[PDB]
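Encoded as structure tokens, the structure appears first; notes follow it.
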Amino acid sequence: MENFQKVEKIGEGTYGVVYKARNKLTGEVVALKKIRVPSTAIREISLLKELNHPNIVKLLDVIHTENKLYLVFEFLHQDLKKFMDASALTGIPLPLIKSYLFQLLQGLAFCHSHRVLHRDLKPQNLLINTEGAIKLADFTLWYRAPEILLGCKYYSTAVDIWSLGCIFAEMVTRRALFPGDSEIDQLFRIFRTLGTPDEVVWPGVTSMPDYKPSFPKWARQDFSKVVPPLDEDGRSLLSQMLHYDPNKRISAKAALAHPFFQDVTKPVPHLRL
Ligand SMILES: COc1cc(N)ccc1-c1ccc2c(-c3nc4c(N5CCN(C)CC5)cccc4[nH]3)n[nH]c2c1
Ligand SMILES: COc1cc(N)ccc1-c1ccc2c(-c3nc4c(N5CCN(C)CC5)cccc4[nH]3)n[nH]c2c1
């Protein structure tokens, strides 16, 4: 760590504080996470160093010293949450929403092809640069897939597609799709929009660990009401990302081929830094 000069505290993460720092050896400005250590951890994290892709924030170095673990990452200057908040009066233009969605699907398609899932996508860990890029980082209950909320412990890559669908909707409407403040409030916010799931639409749902037959029965709403002026291609894609049954939920790879991306481009955002 004497090889790192802390510049400022970036965040108070899930497993430790994150600082903007300078690597004194290379001169590079990096994001440094101090984890608050298991050997099983070292090996798992050491693998993620290899997982390199333009839409995944790079793990540059893993430093294990004095029974402490420091993870050093590529640094980006802004997160999607900040940008969403800054774009709130006007909205993010559709071409940039589409670009960001496309890129995140590429990142996910890459990760998922290596059997690695994110598990906790949210605007706060999606990072953007001045080039029009958006990147997955860390690779709130608002973005949690229903199978996680229903107690499935062996969930799949589909959980990330759900979270991204929630983020897509939020970019479009400038409001969170399912802003729950408890696990059951989250689940019931989902049910009140998409309908209480049953064995017809989600085979196996009634045997999920935390499923209760006493769940109230709500009817499904029209997507046109849920994500207004989003066009039919967008709503079609969103509907497939938000399928209850994780086995019917669209994959990242299939999503990339959806007609919504027929005219995708890569605009440059206006970033105030
Ligand atoms: C801001 O850095 C960049 C900006 C841009 N735009 C482009 C490239 C880079 C860049 C720079 C360095 C590196 C290294 C690297 N160098 C060293 C090292 N050197 C450092 C040089 N010298 C004093 C002797 C000791 C010592 C130990 C580990 C190292 N790893 N790998 N990849 C790099 C990429
Ligand atoms: C464990 O962290 C990781 C794990 C993995 N596996 C992969 C990546 C990362 C990672 C995380 C963050 C960053 C950043 C960065 N974050 C911010 C930032 N924050 C404040 C608001 N919010 C709460 C978060 C965003 C605000 C301004 C500038 C920033 N730059 N650069 N690189 C990172 C790499």
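By convention here, the chains of the structure tokens are called A, B, ... in the order presented, each chain's residues are numbered starting at 1, and ligands are numbered starting at 1 in the order presented.
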Please report, as JSON lines, each residue of chain A lying at most 12 Å from ligand 1, together with the nearest pair of atoms and the separation in Å rounded to one decimal; use only C-alpha atoms and all ligand atoms, and order rows by chain and ascending residue number.
{"residue": "A:3", "atom": "CA", "partner": "ligand 1", "partner_atom_place_in_ligand_line": "27 (C)", "distance": 10.0}
{"residue": "A:22", "atom": "CA", "partner": "ligand 1", "partner_atom_place_in_ligand_line": "1 (C)", "distance": 9.3}
{"residue": "A:23", "atom": "CA", "partner": "ligand 1", "partner_atom_place_in_ligand_line": "1 (C)", "distance": 8.5}
{"residue": "A:24", "atom": "CA", "partner": "ligand 1", "partner_atom_place_in_ligand_line": "20 (C)", "distance": 8.6}
{"residue": "A:25", "atom": "CA", "partner": "ligand 1", "partner_atom_place_in_ligand_line": "20 (C)", "distance": 5.1}
{"residue": "A:26", "atom": "CA", "partner": "ligand 1", "partner_atom_place_in_ligand_line": "12 (C)", "distance": 4.4}
{"residue": "A:27", "atom": "CA", "partner": "ligand 1", "partner_atom_place_in_ligand_line": "1 (C)", "distance": 5.0}
{"residue": "A:28", "atom": "CA", "partner": "ligand 1", "partner_atom_place_in_ligand_line": "1 (C)", "distance": 3.9}
{"residue": "A:29", "atom": "CA", "partner": "ligand 1", "partner_atom_place_in_ligand_line": "1 (C)", "distance": 7.1}
{"residue": "A:30", "atom": "CA", "partner": "ligand 1", "partner_atom_place_in_ligand_line": "1 (C)", "distance": 9.5}
{"residue": "A:60", "atom": "CA", "partner": "ligand 1", "partner_atom_place_in_ligand_line": "32 (N)", "distance": 9.2}
{"residue": "A:61", "atom": "CA", "partner": "ligand 1", "partner_atom_place_in_ligand_line": "30 (N)", "distance": 9.8}
{"residue": "A:74", "atom": "CA", "partner": "ligand 1", "partner_atom_place_in_ligand_line": "1 (C)", "distance": 10.7}
{"residue": "A:75", "atom": "CA", "partner": "ligand 1", "partner_atom_place_in_ligand_line": "1 (C)", "distance": 11.2}
Could the residues in this selection be saved with N, CA and C atoms as a JSON list (two decimals), in the first residue's frame?
[["chain", "number", "residue", "atom", "x", "y", "z"],
["A", 3, "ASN", "N", 2.89, 1.84, -2.04],
["A", 3, "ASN", "CA", 2.89, 2.13, -3.47],
["A", 3, "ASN", "C", 1.63, 2.86, -3.95],
["A", 22, "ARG", "N", -3.46, 7.19, -6.55],
["A", 22, "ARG", "CA", -2.44, 7.09, -7.58],
["A", 22, "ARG", "C", -1.51, 5.92, -7.27],
["A", 23, "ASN", "N", -1.32, 5.06, -8.27],
["A", 23, "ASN", "CA", -0.31, 4.01, -8.22],
["A", 23, "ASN", "C", 1.05, 4.67, -8.42],
["A", 24, "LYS", "N", 1.87, 4.67, -7.38],
["A", 24, "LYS", "CA", 3.16, 5.34, -7.43],
["A", 24, "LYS", "C", 4.16, 4.69, -8.40],
["A", 25, "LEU", "N", 3.98, 3.40, -8.69],
["A", 25, "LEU", "CA", 4.88, 2.70, -9.60],
["A", 25, "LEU", "C", 4.61, 3.08, -11.05],
["A", 26, "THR", "N", 3.34, 3.02, -11.45],
["A", 26, "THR", "CA", 2.92, 3.26, -12.83],
["A", 26, "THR", "C", 2.47, 4.71, -13.08],
["A", 27, "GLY", "N", 2.13, 5.42, -12.01],
["A", 27, "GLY", "CA", 1.62, 6.79, -12.11],
["A", 27, "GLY", "C", 0.14, 6.84, -12.45],
["A", 28, "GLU", "N", -0.51, 5.68, -12.52],
["A", 28, "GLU", "CA", -1.91, 5.62, -12.94],
["A", 28, "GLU", "C", -2.85, 5.99, -11.79],
["A", 29, "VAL", "N", -3.96, 6.63, -12.15],
["A", 29, "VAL", "CA", -5.03, 6.96, -11.23],
["A", 29, "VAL", "C", -5.98, 5.78, -11.27],
["A", 30, "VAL", "N", -6.27, 5.25, -10.09],
["A", 30, "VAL", "CA", -6.99, 3.99, -9.96],
["A", 30, "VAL", "C", -8.06, 4.15, -8.89],
["A", 60, "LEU", "N", -7.06, -4.37, -12.03],
["A", 60, "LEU", "CA", -5.65, -4.21, -12.40],
["A", 60, "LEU", "C", -4.72, -5.03, -11.53],
["A", 61, "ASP", "N", -4.92, -4.95, -10.21],
["A", 61, "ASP", "CA", -4.02, -5.58, -9.24],
["A", 61, "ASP", "C", -4.82, -6.12, -8.06],
["A", 74, "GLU", "N", -9.37, -0.17, -12.62],
["A", 74, "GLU", "CA", -9.48, 0.92, -13.58],
["A", 74, "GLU", "C", -10.40, 2.00, -12.98],
["A", 75, "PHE", "N", -10.05, 3.27, -13.18],
["A", 75, "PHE", "CA", -10.84, 4.37, -12.65],
["A", 75, "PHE", "C", -11.70, 5.00, -13.76]]
- request: Using only C-alpha atoms and all ligand atoms, find each protein or nucleic acid residue lying at most 8 Å from ligand 2; present the set as a count of residues only.
  value: 35
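Atom CA of residue A:242 is found 17.7 Å from atom CA of residue A:185.
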- request: Excluding stretch 256-260 of chain A and any residue of its chain fewer than 6 positions from it, enumerate the residues within 12 Å of it, using only C-alpha atoms, and give them as a count of residues only.
  value: 30
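Ranking A:196, A:147, A:163, A:265 by their shortest atom-to-atom distance to residue A:210, with only C-alpha atoms included, puts A:147 first.
Residues of stretch 44-267 of chain A carrying a DSSP assignment of strand (DSSP E), computed from the backbone, are residues 59, 60, 61, 62, 63, 64, 65, 68, 69, 70, 71, 72, 73, 74, 78, 79, 126, 127, 128, 134, 135 and 136 of chain A.
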Based on the selection just made, write N, CA and C atoms of those residues as a tab-separated table (two decimals), in the first residue's frame.
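The resulting file, result.tsv, is shown below:
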chain	number	residue	atom	x	y	z
A	59	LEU	N	-10.01	-5.17	-13.29
A	59	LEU	CA	-9.26	-5.39	-12.06
A	59	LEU	C	-7.78	-5.40	-12.44
A	60	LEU	N	-7.06	-4.37	-12.03
A	60	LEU	CA	-5.65	-4.21	-12.40
A	60	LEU	C	-4.72	-5.03	-11.53
A	61	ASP	N	-4.92	-4.95	-10.21
A	61	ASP	CA	-4.02	-5.58	-9.24
A	61	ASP	C	-4.82	-6.12	-8.06
A	62	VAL	N	-4.38	-7.25	-7.52
A	62	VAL	CA	-4.92	-7.79	-6.28
A	62	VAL	C	-3.77	-7.91	-5.28
A	63	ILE	N	-3.79	-7.06	-4.25
A	63	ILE	CA	-2.70	-7.01	-3.29
A	63	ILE	C	-3.15	-7.57	-1.95
A	64	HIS	N	-2.51	-8.67	-1.55
A	64	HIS	CA	-2.80	-9.33	-0.29
A	64	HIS	C	-1.57	-9.20	0.61
A	65	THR	N	-1.64	-8.30	1.59
A	65	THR	CA	-0.50	-7.98	2.45
A	65	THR	C	-0.97	-7.63	3.86
A	68	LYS	N	-4.49	-8.21	4.96
A	68	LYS	CA	-5.44	-7.26	4.36
A	68	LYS	C	-5.47	-7.46	2.85
A	69	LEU	N	-6.65	-7.29	2.25
A	69	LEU	CA	-6.83	-7.44	0.81
A	69	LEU	C	-7.24	-6.12	0.15
A	70	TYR	N	-6.42	-5.65	-0.79
A	70	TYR	CA	-6.69	-4.44	-1.55
A	70	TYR	C	-6.93	-4.82	-3.00
A	71	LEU	N	-8.03	-4.33	-3.57
A	71	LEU	CA	-8.35	-4.55	-4.98
A	71	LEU	C	-8.24	-3.22	-5.72
A	72	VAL	N	-7.46	-3.22	-6.79
A	72	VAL	CA	-7.14	-1.99	-7.52
A	72	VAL	C	-7.79	-2.10	-8.88
A	73	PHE	N	-8.62	-1.11	-9.21
A	73	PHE	CA	-9.41	-1.14	-10.44
A	73	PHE	C	-9.11	0.03	-11.34
A	74	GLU	N	-9.37	-0.17	-12.62
A	74	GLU	CA	-9.48	0.92	-13.58
A	74	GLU	C	-10.40	2.00	-12.98
A	78	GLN	N	-17.46	8.90	-13.52
A	78	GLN	CA	-18.86	9.11	-13.15
A	78	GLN	C	-19.65	7.80	-13.17
A	79	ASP	N	-20.65	7.71	-12.29
A	79	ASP	CA	-21.58	6.58	-12.29
A	79	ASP	C	-22.92	6.95	-12.94
A	126	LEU	N	-22.67	1.09	-12.32
A	126	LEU	CA	-22.47	1.23	-13.75
A	126	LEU	C	-21.72	2.55	-13.96
A	127	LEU	N	-20.54	2.46	-14.55
A	127	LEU	CA	-19.65	3.60	-14.67
A	127	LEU	C	-19.50	4.04	-16.13
A	128	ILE	N	-19.45	5.35	-16.34
A	128	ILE	CA	-19.42	5.92	-17.68
A	128	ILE	C	-18.17	6.80	-17.89
A	134	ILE	N	-19.95	2.63	-21.28
A	134	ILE	CA	-20.49	2.33	-19.98
A	134	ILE	C	-19.93	0.96	-19.58
A	135	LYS	N	-19.60	0.81	-18.30
A	135	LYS	CA	-18.92	-0.40	-17.82
A	135	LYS	C	-19.51	-0.95	-16.52
A	136	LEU	N	-19.52	-2.27	-16.42
A	136	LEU	CA	-20.01	-2.97	-15.23
A	136	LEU	C	-18.92	-2.94	-14.17
